[PDB]
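Structure first, then comments.
Protein chains in written order, with the deposited numbering: chain A, 1 to 135, 138 to 219; chain D, 1 to 7, 9 to 132, 140 to 176, 179 to 218; chain B, 1 to 217; chain E, 1 to 156, 162 to 185, 194 to 205, 207 to 216; chain C, 4 to 109.
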């Protein structure tokens, strides 16, 4: 299966530099041209750069030429993107893309988020949210992720084994700190008879935590 | 305006030689260069082809150890080399090449006559061949190399003249002339040989 | 640069209906040589990378259902989705694939219409871990409601509380077409312990009397 | 490899007639295309071959309409509607369907046919100059016979070398040379005369 | 008057194809553009084959024709070609300036 995995994202100070990487697999990487495509938060897609299989053809968007540099390492199946003089308008999810005839862009990566801000990286505080001393057939549990920066965080329930009936609300941004919460609705048959765990990961601060939802004392 | 220009070539037995085929009028790396062996009065034999861009050559399975195809891209010249030359190699060697986008030889060089012999320029020893109409002759033998021009009485005797092609170490040809018996030997008939390679000129009148 | 204009920018249908969306280019995308139109349609579900739909205006990729159909030529193009499922909730981009720079459109966002659903309201007092940490946040979950518009009101001992309240709506659910919003009331731990009653009232067009969830500690 | 045989080996004619030559391959030359890759070449005396026809019936640049090709599969033919003086020479057929190697036919000499003629045989002892240097060479001249199908025979096969003249431009005839103790030496000539023509010295 | 426009478009559409095409697993002749026709990846010992190039000024008159080029038994292209189907229907005559320009594109 064609797979493109980007990395290198995170928080960058304004005017700083940051190099992105794109690991490719499932195809002959040395025979395909490669793309970088960005998308600002809740905006449309914007093509960035292109480089051929032999690195003899390189194109850049006008809003990026001179600052960014696209390159590849075919023996290692790695796509690169070196950013310089970053501004806040460079804040976007960065995708690397492969083509499939007859189109230039066919396969997309999962994307890596790049935030250009003067704020500092802050780990999150995660709290279980069990229902109070008042009760139906379904019981809703919660998980509060408070005071972190930058985006994103990934919240799962029971390591992903429990995915149906899960709402992860978008984080609100107050005073340069994000806060969100995640909802999961399980039948009263399972909780608290069997364990329900909240998994929160903040790759910017290398934060991985597990919060088990315990009935309130 | 396609042109393939080739040199005759004189070699020693058991030695190798290399024949040039210079291209002009087209991008020389855009077309393969073929080579054809021929002994006129017989058939044609395809040796092999060479791609000038990379040097990739495939040969005919009768000319591998014998032939080696080379390419000089700077001068846009393709060559073709025989080693350990024999008597079976005395032939004309063409370099041919398809019409573009085709597979049939639309262009040819004029070939290089290869003659295998260890001899230096030897002048011919011409000899008289004396016997209604009588036939006389001149025996032009032991010369090297070709050609030899033969006339009779400085060209006044043109009809009834048969100059035969020579054969091989050294070349030997015969020349015949038919004159009336009323003419001979009352009139004088003389064969004129000329070997330009050795600056030789011989007149030999035929005497009964 | 070739400009792509998609219309309508937003769109709401019930499940199972035929929908059409336009995409016009400022210049022609048809290459008179092969007589191909270099237009590409993409689908981007919320929280996911874009996915290839149509290449060369009308050619579907492998795995794309027959419901998605691209047509048109020159400068006018149309993507038709017959029998829209709830999983088709996404933003649909058309892309210029003719010349560089490769440009995308603003995207047609497909929204889904369903029957009105009442919110499932659940309120959570601040956890013992958060109180011990020194903070106090009151979280109210309003899950699986429709239409989207809804108002939440916080009251502390019968008095409405406005400051310290931050709301966050989900994207539309891709399986039941419902919406969810979370209301978080943030106070100091001192401030929280000097009061007893906390209620979050969800007023939704499915009712005139609000949905009230309360606790006491 | 594909073997190309032609018929006749020597097809004669004269000026103004319709001549026609056949070529035949050991295999079929219909490539997967559906086309057939047989070509015709004309090699005039002392020159390189010149492409006359490609793909059985397609005429090359600057070839008169008199040349026309036909055939299919394994048999093919080349027709010269009117034989001029420039059409004489050796005609080769070639195939490029099954390659390598590229194979050619044995060739065929197009010639002038006139009225059958008898040889004129003559014999010559060694010349006194040859004997002075230590060499001997007896010569027979079988001149102006026609057509060329002639065979030599000597009575004293060893040490006999032969050489043949191309068709004479004046009288459309053929000549031939044959050069090589005992007393009577003889060359013997048998031509399409019932008995051999005998010339000898003593 | 200027149909050089079509030949450069034809070549870069071929180069775009090579940059967005997975090559066949095994031994095959590489897809390329020999300045005349765009050749797909072709299996070995197989006569490769594509339609007549559409940059030709007489393209529609032979839009149903095909170009031929034999792929060797080793992944390299052989010398055997056949462009006769895509030739000018009336060869010598007008079309000089491009018959002439195309002769340079060999």
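Even for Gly, the Cβ is constructed at its ideal location relative to N, Cα and C.
- Chain order gives no chain B residues near residue 210/A, where near means a beta carbon separation below 8 Å; the closest approach is about 17 Å.
- Residue 71/E and residue 32/D have their C-alpha atoms some 30 Å from each other.
- In summary, the residues of the region 130-146 of chain B whose CB is separated from some CB of chain A by less than 7 Å are 130, 133, 137, 139, 141 and 143, in the order they occur in the chain.
- Residue state for residue 8/A is assigned as coil, using DSSP reduced to three classes.
- Unbroken beta strand (DSSP E) runs of no fewer than 3 residues, entirely contained in the region 91-117 of chain B, are found at 108-113, following chain order.
- Under a 10 Å Cβ-count criterion, residue 215/E is classified as exposed, with fewer than 16 other Cβ atoms of the shown protein chains found around its own Cβ.
- 114/B is the residue among 19/B, 186/B and 114/B whose C-alpha sits nearest the C-alpha of residue 173/B.
- The DSSP-derived three-state label of residue 87/A is coil.
- Residues of chain B with a Cβ closer than 8 Å to the Cβ of residue 142/A are, in chain order, 120, 122, 141 and 143.
- Residue 111/E: member of the beta strand (DSSP E) spanning 108-112, first to last residue.
- Using a Cβ distance threshold of 8 Å, residue 37/A and residue 97/A count as a contacting pair.
- Against chain B, a Cβ distance below 8 Å from residue 178/A picks out nothing, because the smallest value is about 14 Å.
- When C-beta atoms of the region 198-210 of chain A are compared with those of the region 167-181 of chain A, fewer than three pairs fall below 8 Å, so the two segments do not count as touching.
- By a beta-carbon distance limit of 8 Å, residue 207/E contacts residue 118/E. Their separation comes to about 6 Å.
- Under DSSP, residue 197/B takes part in a beta bridge, and its partners are 216/B.
- Counting other Cβ atoms within 10 Å of its Cβ, residue 26/D stays below 16 and is therefore classed as exposed.
- Remark: fewer than three beta-carbon pairs, one from each stretch, lie closer than 8 Å, so the region 65-80 of chain B and the region 139-151 of chain B are not flagged as touching.
- DSSP places residue 56/B in the coil class of the three-state scheme, outside both helix and strand.
- Taking the CA atoms as reference points, residue 7/D sits about 21 Å from residue 99/D.
- Of all residues in the region 18-34 of chain B, only 31, 32, 33 and 34 come within less than 9 Å of chain C when Cβ atoms are compared, listed by chain position.
- Contact between residue 179/E and residue 145/E holds, with the beta-carbon distance rounding to 6 Å and staying under 8 Å.
- Taking residue 172/D as reference, the option from 164/D, 151/D and 185/D with the minimal CA-CA separation is 185/D.
- In the DSSP assignment, residue 94/C forms no beta bridge with any residue.
- Residue nearest to residue 37/E within the set 125/E, 205/E, 204/E and 75/E is 75/E (criterion: CA-CA distance).
- Residue 91/E and residue 30/B have their alpha carbons spaced roughly 53 Å apart.
- Per DSSP, residue 20/C is one residue of the alpha helix (DSSP H) stretching across 7-22.
- Going by beta carbons, residue 157/D and residue 208/D fall outside the 8 Å limit.
- Residue 154/B is bridged by DSSP to 161/B and 200/B.
- Boundaries of the alpha helix (DSSP H) around residue 100/C: 99-107.
- No Cβ of chain E is located within less than 8 Å of the beta carbon of residue 45/C.
- The beta carbon of residue 127/D is closer than 6 Å to those of 146, 148, 203, 212 and 214 in its chain, skipping five residues each way along the sequence.
- Residue 129/E and residue 197/E have their C-alpha atoms roughly 21 Å apart.
- At a cut-off of 8 Å, the C-beta of residue 13/C has a neighbouring C-beta in chain B.
- In the DSSP assignment, residue 172/E falls outside any beta strand (DSSP E) and carries neither an H nor an E.
- Taking the Cβ atoms as the reference, residue 29/D lies roughly 34 Å from residue 88/D, outside the contact range of under 8 Å.
- Listed along the chain, the chain C residues whose CB falls inside 8 Å of the CB of residue 99/E are 83.
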